[PDB]
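> Just dropping in an experimental structure and the matching sequence.
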Amino acid sequence: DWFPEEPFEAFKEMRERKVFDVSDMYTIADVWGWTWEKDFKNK
Amino acid sequence: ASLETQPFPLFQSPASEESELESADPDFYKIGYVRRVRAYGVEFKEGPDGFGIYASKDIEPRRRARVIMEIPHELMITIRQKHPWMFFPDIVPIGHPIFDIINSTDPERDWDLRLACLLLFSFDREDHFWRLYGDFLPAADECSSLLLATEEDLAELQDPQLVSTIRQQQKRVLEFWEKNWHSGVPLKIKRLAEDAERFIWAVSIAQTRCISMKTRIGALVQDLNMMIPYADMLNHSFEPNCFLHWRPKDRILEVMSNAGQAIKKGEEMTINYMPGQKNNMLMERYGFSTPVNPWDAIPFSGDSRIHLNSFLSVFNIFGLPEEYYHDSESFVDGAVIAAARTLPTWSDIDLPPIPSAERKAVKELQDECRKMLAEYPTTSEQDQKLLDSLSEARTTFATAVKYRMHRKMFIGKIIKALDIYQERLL
Amino acid sequence: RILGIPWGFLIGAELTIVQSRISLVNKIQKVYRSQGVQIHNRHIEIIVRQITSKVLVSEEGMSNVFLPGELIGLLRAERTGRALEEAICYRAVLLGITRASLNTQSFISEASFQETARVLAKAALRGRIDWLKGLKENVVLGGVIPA
Amino acid sequence: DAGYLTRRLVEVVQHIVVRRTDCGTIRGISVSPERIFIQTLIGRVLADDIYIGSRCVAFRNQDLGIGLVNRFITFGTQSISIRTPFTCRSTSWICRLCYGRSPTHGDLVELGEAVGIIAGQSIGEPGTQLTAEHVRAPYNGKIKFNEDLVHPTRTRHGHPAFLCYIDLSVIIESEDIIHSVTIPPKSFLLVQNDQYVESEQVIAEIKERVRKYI
Amino acid sequence: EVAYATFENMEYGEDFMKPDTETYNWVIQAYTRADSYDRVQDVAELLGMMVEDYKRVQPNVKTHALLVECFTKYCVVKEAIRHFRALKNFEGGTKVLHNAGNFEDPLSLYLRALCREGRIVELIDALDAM
Amino acid sequence: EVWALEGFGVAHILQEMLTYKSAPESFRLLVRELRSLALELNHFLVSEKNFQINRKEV
Amino acid sequence: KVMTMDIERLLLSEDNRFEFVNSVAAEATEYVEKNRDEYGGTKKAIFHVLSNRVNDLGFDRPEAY
Amino acid sequence: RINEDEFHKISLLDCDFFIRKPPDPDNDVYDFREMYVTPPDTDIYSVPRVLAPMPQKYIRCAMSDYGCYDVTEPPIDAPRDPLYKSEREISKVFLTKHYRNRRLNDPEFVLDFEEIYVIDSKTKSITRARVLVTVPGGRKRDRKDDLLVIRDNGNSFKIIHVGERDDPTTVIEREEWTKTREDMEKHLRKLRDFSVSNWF
Amino acid sequence: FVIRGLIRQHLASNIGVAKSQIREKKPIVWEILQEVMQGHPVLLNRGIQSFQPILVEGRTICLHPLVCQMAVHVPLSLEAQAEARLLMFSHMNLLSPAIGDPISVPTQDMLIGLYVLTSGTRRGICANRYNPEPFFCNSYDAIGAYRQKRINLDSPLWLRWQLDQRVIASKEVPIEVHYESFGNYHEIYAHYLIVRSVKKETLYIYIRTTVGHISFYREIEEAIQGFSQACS
Amino acid sequence: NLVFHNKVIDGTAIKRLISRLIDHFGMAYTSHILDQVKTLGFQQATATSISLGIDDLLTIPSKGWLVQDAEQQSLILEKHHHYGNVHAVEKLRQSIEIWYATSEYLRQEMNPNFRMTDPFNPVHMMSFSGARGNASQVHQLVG
Ligand SMILES: C[S@@+](CC[C@H](N)C(=O)[O-])C[C@H]1O[C@@H](n2cnc3c(N)ncnc32)[C@H](O)[C@@H]1O
Ligand SMILES: [Zn+2]
């Protein structure tokens, strides 16, 4: 058994094996509601 | 003896018509003993009020609680209390129509219908222990649960709110049977309850025998509603000498005699089915009442009030309101504890009771109780007469009479309590 | 490149570490199984959990929170990657057995294993606290074993 | 070698003790498709429920008994998700659910059990123990086959032989009946169209680089 | 360590004893006021755990104040500015971060950090928040 | 044998076998020799009640 | 002979083997503190604790069987 | 579809047969026309494969099962699951006519082994047994002394005199001998000398 | 502990007198040593496991074959003695933890003894020279006939298996059945016989077995009964 | 409780039995059951005997023919090696492989030979039950 060499297929395996999924991809600006930080970081 | 069919409880004891605790048929214990049930120091006895557990030996007090019975999980029936339905004896095959029927129950309103479905299926599943045990369950004519009553009984119940709740229960059960035992169901469902009477019986048994506990099944801590074929023969008491307990390593339900309590040969081993429920709740679910019910209530509306603490001390009642108990230190019983929980009462940090105004309040509340008794067409002892002699032992009717009688007897004990309280306040 | 600095390190560690765990559990247990000396995977998986426990902070991960070359647990790296913007970067490392010991926080479990003088020298310069837990570091002190 | 391995493994895992009941992990290792599929499941606990259609068949933190695994492989429920030690939220201790059934009891592993050092021993001590088919004539008789169907070759032993890449039927005209043998493709038939053959005689056969000195 | 032992008792206990926001505040306070060692990695771990608890735990005034205290007592100003920019939204947040002027003075330490690191466009915002 | 005894969790037997059957005096030797290498192996225990840092007899 | 079945029964009773054995050690040391009869000959405090506990389970075993 | 209130539920391993029955106090009589077969509880019906002429008249039969036992010997979970299970697996059933349709209590009650109907679970089928009679007397012989032997997975039927009945011991011995003789020949045949050897 | 015992019996007034009596090795010293050893476990160390010692004749330590220069250790404290007795006994550790594999399984002579015990009958060609057995009403009658040399360990016999549940089988259909005209029939199998009738019921199973197989089953059933005798 | 076996106790079969006993009863019963089965085994071993004799060992009868076969081929190849038809590596590989082939066959035909033609042979029972002597060691005595 191996995860695919291609990163995108490896992400598809990450979903299918539920080792990592988008619901775990969260950070404070998305969690404590710091909606203002969008306006600061990228400028 | 791991076979045979049709063992039965000898009906010599339910022959009270002409006018008491013979041993249950030895096969009743044997079918358990062959299946790792153990009874320690107790005997099944068969009165006209059905089975009971009675101590067959004097049991000395012990430092920990002492085991009196062991029932193995394999003989039980279980439903999960919460929505994701699972069966831990797992009788029901995957994809059996029973799972579709049981899912069509309300998660919390219809747990009795679910248990009734399991009970019936366990009478259909050959060489399940309840295939043999079902003969010892009370038949539809001898079960006390008012789900088997009719208006002929509920007119004698004289408790319109409880009559309405019983009627709603019966309606719910019969509507469920009509919905889920229609002619389109498979034979392997239609044969479970080919008539309404079989289902209402099964529901009445499920209600009157449902224990519920938090348990551990291996790793899984979970809430179960369950039937235990020898702990359900314990009779109710609000002063129980035993309690149920769970061992998860070997999946045993123990029945444990209380720590530090001695018990006597012929003493009934009892448990506290549901702690803190009024007699009308015991009639609603289990189908019985008891006059010493220490949580019963009375619809007083008087501004007359009695000094609660003095009412306690005159009867040597002790503990907090959730805790009230009586000691050796003799008419004081659960009905007087109910009185202390129920009478219109006042309390103050240290202030003494007015010896006159408390007698005035006694007189006023006694005349209130007398008019409450006067709201019934008959006294208590007329129902005592209607129970010491009775036409046909119609179990639902006799249960309704026992209910009414208990309530009147109670209010009578209230009168006597206020009298003795005034006299003993000196 | 594909997931950028906030997530590419974290999920790259995750994918590396899970792939490594699968590979080590296979390659190790395949020996025992092919030799017929059967063993339950739950015994191998504790060792493989230790081998894959850490990640290292790379040079581009230089921060006032973590210095480059520092070894931190995967949970620590994930949680700080979620929490902080302080240029966090790390890569998974397969810490061999003889390097999982000598990187086990109870310094007595390191010193009494190997490289004793080097362990003691570093830990004394670091003033390190062995908050006594685990067994090897407790039997030296003649304790009741925190187990 | 075994003694060194045991010492190192125990020294690595001297600290893994079952300190907690439940670390509260919300994830599991997925398992899916056979004896290995059994052994990898038995005595684990599930990280998530399993349902067969609407029929709930297993629930979160339930133990996997053999009957449940049998149901899973019967009904094809892939994605069986189990709380392996990789699923745990601590690297410095383990919680009993993520370890599962005790090494020596039917119930969960026990709080305080040194499952680390138990694992280290249970892997180190077994280290002390680690360390073509020939088709033969089942009968006396006369070999018969069409030797034009098969390629000539020189055997590894210098013997001439036939090398075949077909299903070849070889007759053995025995003293009682015409017995027969099937020879697979990619095999060296050592015998020939009319050879007398004796019972148990080999009839067919189905790195380092080293100097040899003459 | 004696506070984190209780926190580790709670976070891996039954649901009725799981940490709340105050539990995180008290353990972050324990780390940020430790006498003798570097605790930044521990505070960042605890913050990450608090974010992992997002379904149950949300921060309060004291949480952000303690985090600005941490990320200014240690020179972590790029994260301090962010936690102060969150603290701004709570009335009296700067009173809490002034902490009555004891345990040094996290607000003063923050203003000094912004001064010497030249983050004046953040410093004027801290002054407006005060 | 230490590994086996601690595998059984039978740790009071392990304590007996490693201490009073022969801090323990051999840990006193250990700390004294490190203290002779000019390293202070300092043993503290923290009062759960009072947080007092009691220095062990070493 | 039989006493180990009682041990197993009590091991089956208690929810943690190590906690059970801790409680037995505690009971024995408090016994040998609350009573100062020598009680060290043919019968032993451990067996006494096991006997009393199995008697609480209701089983007819004498002190140290 | 069809109700079972007047059908014999002949439960085999792989299916239940439903055989219509007339009312009789002993439930002893079979229609042998209204034949149905049903998966073990599926409550679905079809006409089974009748492979032989069958009596279009109500007649009374004994019934018996040619089932094997099987030791299910399941895996056992922690709550003292039983370390054995053994269950009857009715691979086949025999229905044996009563002579003159005599009732079980009649003094001259005899099984009419001439008329055996065989129900097969796996071919879902009915057959009439082609029994062979070894007894001197044809149809007018004394049927009290007849003994039926059934053999070859219930494919072979032989009526033999009661006295002849081989003992169970010599039956098992003869089956073991006829097995081990072929196994021993199959082993010895690999030797060179087998062509020039005697059974001895 | 011997000194403490001599104090307990008041047979020595001081520890020096106790040591002097121990030096004198009089029978009293061995009686008190038997009192001390009663109920005191000891550890044996090769590999480290604990046992109840019993005072034995000779000079070399005697060990059970399935538990088998062993070293010996005494647990001194009461807590240690409790932990030894309740955790460190072979009773507590019958499984090897690596997969949960039983350690103490019968091995060496016993296993091959059991093999011969369970080899039982010679079959077929090994038993009769040409192509073409007592009944015992219970197993104690069969064992009695064996003891009285009426039958040999290897020889086939029929036992009435009146516990007619739990019949073992190989998924094999009846090798033969005999039906009597009166509706009794006998089913004959390679291992057992069943007599049953269309009227009445099953009378009995008869299992074709050996004194060896009977003894193998009986001695396990009687070991379960002998253990559970204390359940009374 | 337990099923009547009426079948021979293989080592795998008794491993199954003991494991199932531990799982059913726990340690309490099984530690006595197994300790009594010890005594049963000793009793029956003592009443029997597992003695080994010079003709209790049992060389597979066709070994001589097989050896003659492998001998004749080797002689012919050695002859043809002298003739320069076969080079030293082929001769070496024959000398290894034909005798390895024969040794393996001799082992694969040792157990069937015992079980069919001398079931109660000492070293047969020893190896097939697994008491002492692996099948390789018995073969190195016998074959
Ligand atoms: C748990 S069920 C026990 C079944 C009952 N022993 C029988 O004979 O079926 C409780 C039933 O016992 C009776 N019962 C319960 N509590 C009682 C009490 N305190 N006094 C008298 N009978 C009682 C009622 O008939 C009730 O339906
Ligand atoms: Zn965990």
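Received it, and whenever you're ready, just let me know what you need. Numbering: from 1, shown residues only, chains lettered A, B, ... in the order given. Ligands and ions are numbered 1, 2, ... in the order given.
> Surely residue D:206 and residue D:185 touch.
No - using Cβ atoms under 8 Å, residue D:206 is not in contact with residue D:185; the gap is 9.5 Å. (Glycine included, C-beta is placed from N, CA and C.)
> Tell me how many other residues crowd residue I:68.
A total of 9 residues lie near residue I:68 under the criterion other Cβ atoms under 10 Å in any protein chain shown.
> Would it be right to say that it lies in a helix?
No - with DSSP: H, G, I helix; E, B strand; the rest coil as the criterion, residue I:68 is assigned coil and is not in a helix.
> what about the residue of chain E found nearest chain B, distance to chain A?
Closest to chain B within chain E is residue E:14: 9.5 Å, counting by Cβ to the nearest Cβ. Computed with Cβ to the nearest Cβ, to the nearest Å, the distance linking residue E:14 and chain A is 24 Å.
> Let me see the contact set for that residue.
residue D:21 (Cβ atoms under 8 Å, 6 or more residues apart in numbering or on different chains).
> Whether stretch H:152-166 contacts chain I - can you check?
Yes - counting by Cβ under 8 Å from any Cβ of the partner chain, chain I is contacted by stretch H:152-166 at H:153-154, H:162, H:165.
> Quick check: the two most widely separated of these?
Greatest spatial distance in the residues of stretch H:152-166 next to chain I: H:153 and H:162, 24.4 Å, computed using Cβ to Cβ.
> if I look at the residue of chain E closest to chain B, how far off is residue D:22?
The gap separating residue E:14 from residue D:22 is 8 Å, by Cβ to Cβ, to the nearest Å.
> Tell me where chain F has strands.
In chain F, the strands defined using DSSP state E lie at F:44-46, F:53-55.
> Please identify the most buried of those strands.
Mean neighbour counts were compared across those using mean count of other Cβ atoms under 10 Å in any protein chain shown; the top stretch is strand F:44-46, at a mean of 12.
> And the contacts of that one?
Contacts to strand F:44-46, defined as Cβ under 8 Å, 6+ apart, come from residues E:1-2, F:52-56.
> Out of those residues, which is nearest to residue E:83?
residue E:1 (24.5 Å).
> Looking at chain F, which helix is longest?
helix F:25-36 (DSSP state H).
> Pull the distance from that helix to the chain's centre.
11 Å (Cα atoms, centre = their mean, to the nearest Å).
> What of stretch H:75-89?
For stretch H:75-89, the distance to the chain centre is 28 Å (Cα atoms, centre = their mean).
> Give the buried residues for that stretch.
H:76-81, H:83-84, H:89 (16 or more other Cβ atoms under 10 Å in any protein chain shown).
> out of those residues, who's near chain D?
Counting by Cβ under 8 Å from any Cβ, the members of the buried residues of stretch H:75-89 near chain D are H:77-78.
> which two in the buried residues of stretch H:75-89 are spaced the farthest apart?
H:78 and H:89 (28.4 Å).
> what's in contact with the helix or strand that residue G:55 is a member of?
Residue G:55 belongs to helix G:45-56 when assigned by DSSP states H and E. Identification of contacts with helix G:45-56 by Cβ under 8 Å, 6+ apart yields B:62-66, G:3, G:6-7, G:9-10, G:24, G:27-28, G:31-32, G:39, G:61-65, I:39, I:78, I:81-82, I:85-86.
> C-alpha coordinates for that helix, CSV please?
Output of helix G:45-56 as CSV, limited to C-alpha atoms (Å, rounded to 0.1, in the frame of the first residue of the first chain):
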residue,chain,number,x,y,z
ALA,G,45,-3.6,-10.8,57.1
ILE,G,46,-3.8,-11.0,53.3
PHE,G,47,-5.8,-14.3,53.5
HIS,G,48,-7.9,-12.7,56.3
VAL,G,49,-8.8,-9.7,54.1
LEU,G,50,-9.7,-12.1,51.2
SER,G,51,-11.8,-14.2,53.6
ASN,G,52,-13.7,-11.3,55.0
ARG,G,53,-14.3,-9.9,51.6
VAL,G,54,-15.6,-13.2,50.2
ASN,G,55,-17.8,-13.5,53.3
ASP,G,56,-19.2,-10.1,52.3
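> where's that helix relative to the chain centroid, distance-wise?
With Cα atoms, centre = their mean, you get 3 Å for helix G:45-56.
> Chain H contacts on chain J?
Those residues of chain J that sit near chain H, judged by Cβ under 8 Å from any Cβ, are J:1-3, J:20-21, J:23-25, J:61-62, J:65, J:112, J:116-117.
> quick check, nearest of those residues to residue E:125?
Using Cβ to Cβ, residue J:23 comes nearest to residue E:125 of those, at 69.3 Å.
> What are the buried residues along the helix or strand where residue I:142 lies?
Using DSSP H and E, residue I:142 sits within helix I:139-147. Residues of helix I:139-147 classed as buried by neighbour count (16+ other Cβ under 10 Å): I:139, I:142-143, I:146.
> show me which of these neighbour chain D.
Restricting these to those near chain D - Cβ under 8 Å from any Cβ - leaves none.
> Just say helix, strand or coil for the closest residue to residue I:186 other than its chain neighbours.
Spatially, and ignoring its direct neighbours in sequence, residue I:186 is nearest to residue I:178 (4.8 Å; Cβ to Cβ, 6 or more residues apart in numbering or on different chains). What three-state DSSP gives for residue I:178 is strand.
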